[PDB]
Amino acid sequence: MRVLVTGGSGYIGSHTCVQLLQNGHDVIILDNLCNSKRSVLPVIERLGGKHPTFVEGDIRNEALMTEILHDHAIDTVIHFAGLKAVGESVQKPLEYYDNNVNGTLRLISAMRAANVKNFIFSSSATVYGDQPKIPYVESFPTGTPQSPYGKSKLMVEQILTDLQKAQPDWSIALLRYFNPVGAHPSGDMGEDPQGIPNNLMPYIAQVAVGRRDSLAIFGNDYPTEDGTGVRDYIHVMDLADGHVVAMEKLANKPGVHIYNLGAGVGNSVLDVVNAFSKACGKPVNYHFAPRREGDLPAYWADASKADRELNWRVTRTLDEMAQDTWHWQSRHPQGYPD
């Protein structure tokens, strides 16, 4: 298939492009590079084993989007592109709604113009809001996301849903991600955050290669076994695989297909830290800081639907997630080159 991967030079996108290419698909990457670097391109190619076309551009450029869809004869669209920092979303809501809400709106509008009707969306567990029932099941009604980030994702879901009603020929996948972590086993591709890493894994990794003093653990008095936050961490390679499968399996299958993509188990921040210390042969530095605004105590995925339906499930352990992260971080302390 002729797939257009927006946000393809980004963390999840690049890994996904690798698996796609490995599967023989024709990959066209569309990325504005606001959170990624061109230098990942040759890596995706080398590892993908096949050349993916690259187009520097914005999902908000409807005309450009239409042009690509047509010119490249696209069959399906995997939409990873967007803004994804929770904290920042609070500080700059408009940028979030623009990129996320309007950015997706523009792309699908272009898809309509180009007559493309297969779509895969980068969703999120935030859509569930403050859900007391855990783990999260796709059948649960969506809650109220706390941040603009979270809201923007739910908003997009709703829109895609309405669109699919109005255009019943469309196959739309709403893929709800949990906590993607880890890196290509090659140690040559991985997450490459700019500035102070917001996320857990990346934060630890920089601590360990010495980019940071100490891991600040947000809150220690949660209603959890160790008091720290609990999450469903998933290896980015597993996530990547789930996309190829979803794309291959759902194309041309009308409907809104919702799936939690997670391991279906919780791990605390400390367990994460222990794994890391274990992967890197030296204890990681952390101190306890206050709870982070909007952090939930604990949740994880019920991913049985995908298993049943896509025959997909995770295969990498937390350990590999950590080993693999350390491998990338150590080979490339400052990430990708300019």
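Just count from 1 along the sequence shown to find any residue number.
K.L.:
Where do the C-alpha atoms have the higher mean temperature factor in this entry, in 218 to 226 or in 237 to 245?
P.N.:
Mean C-alpha B-factor is greater for 218 to 226.
K.L.:
Averaged over C-alpha atoms, is the B-factor higher for 138 to 146 or for 97 to 105 in this PDB entry?
P.N.:
138 to 146 has the higher mean C-alpha B-factor.
K.L.:
Per the coordinate record, which of the options 197, 182, 82, 187 holds the highest CA temperature factor?
P.N.:
The record points to 197.
K.L.:
Can you pull the Cα B-factors for 255, 193, 132, 262 from the entry and say which is highest?
P.N.:
Spelled out: the listed residue with the top C-alpha B-factor is 132.
K.L.:
Could you say whether, by C-alpha temperature factor, residue 78 belongs to the lowest, middle or highest third of its chain?
P.N.:
According to the entry, residue 78 has a C-alpha B-factor in the chain's highest third.
K.L.:
If you rank every modelled residue in this chain by C-alpha B factor, which third holds residue 54: lowest, middle or highest?
P.N.:
Lowest third - that is where residue 54 ends up once the chain's C-alpha B-factors are sorted.
K.L.:
By its CA B factor, does residue 211 count among the lowest, middle or highest third of the modelled residues in the chain?
P.N.:
Its C-alpha B-factor, which the entry lists for residue 211, ranks in the highest third among residues of this chain.
K.L.:
Pull the Cα B-factor of residue 314 out of the PDB entry and bin it into the chain's lowest, middle or highest third.
P.N.:
CA B-factor rank for residue 314: middle third.
K.L.:
Compared with the other modelled residues in the chain, in which third is the CA B-factor of residue 42?
P.N.:
For residue 42, whose C-alpha B-factor we compare with every modelled residue in the chain, the answer is the lowest third.
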